[PDB]
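The chain below stands alone, shown as structure tokens; this is the form deposited in one PDB entry.
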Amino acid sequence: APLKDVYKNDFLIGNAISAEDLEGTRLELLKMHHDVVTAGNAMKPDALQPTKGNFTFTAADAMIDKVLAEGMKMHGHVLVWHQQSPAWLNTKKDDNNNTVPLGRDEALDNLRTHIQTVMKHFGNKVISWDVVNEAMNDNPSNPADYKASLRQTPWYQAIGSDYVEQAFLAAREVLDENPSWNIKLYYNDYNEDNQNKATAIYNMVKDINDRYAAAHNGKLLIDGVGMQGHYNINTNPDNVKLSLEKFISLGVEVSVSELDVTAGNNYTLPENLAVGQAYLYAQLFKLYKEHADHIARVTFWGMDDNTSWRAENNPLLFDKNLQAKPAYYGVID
């Protein structure tokens, strides 16, 4: 059954692509099963503004035009991150040639110009953007203080603990100026089943959205939280459920943005763990169907195990020959 038909009334079904997925049998498989795609790499900061003022949209524009011509939607990923992001945005070389943070004013100017120029370039060719990715430390010991729980990344070091909020405000201004665009703004992160990290992300989004809503008649600044769903055979779906509930209580939409389930290593998937992997996918989709009114999209991070970013750990619904694994039957249910 095509995945997007099974879940047609529940959430968009997504995948995560490179230029390889837009031709041949892979394109057919992609179109048959998914309503939406995320660029695995082509819309990251390193790909779109590799040096200051040098915006490079040609490959990303070809990808998005082909995705749309082929009947699918595009989720935009990602405007602000501490990986795949050029050092010029938030650092410089001191005299003694050490890498040090830029000052707040200059980093804020780079942050805003990146977000605004990229969003204005694509316009409403995307349905959503991951504005800020992975800003939270793992297993934070004091999630009551979100700011102290933030990863001290290059953006934090140049701008300060308010940079996640400044990123969203810059994105929100573009949508205020282009009111006909329908684009949801998301904050995206992983290990969101760790109850400490989920509390810290909840506290961040709550503080930022409460202050915005008080000033703007109840409007959301952060529209969405992306649970990346980089899960493993020991992931406890009860902790997923607690986290999904917590985020829903913000009044945001949720997406499961980069779903995969590592099982095995060294490219070897034992038969009993193919069955364990299928069983956990089936438990997760049972959970997602139960919360479908608050879940906009569930995206798998890749098509098949040999082309996963974690290929060694056999994470996905199809094998290297594009043949359905037990996982696939677990999802279709």
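C-alpha atoms forming the largest set that superposes within 1.5 Å between two forms make up the rigid core. So that there is no doubt, residue numbering starts at 1 and follows the sequence shown. Only residues modelled in both forms are compared.
This protein has a second form, the form deposited in another entry, left out of what is shown; the following refers to that one.
Once the two forms are fitted on their rigid core, between this form and the one not shown the CA displacement reaches 2 Å or more only for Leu269 among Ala39, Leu269, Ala296, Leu284. Panel note: the distance between the CA atoms of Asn266 and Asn194 is smaller in that other deposited form than in this form, the difference being 3 Å or more. Distance between the C-alpha atoms of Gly264 and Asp189: shorter in that other deposited form than here (change of 3 Å or more).
At a threshold of 2 Å in C-alpha displacement, with the core superposed and only residues shared by both forms counted, the segments of at least 3 consecutive residues that shift between this form and the one not shown are, in sequence order, 263-269, 271-273.
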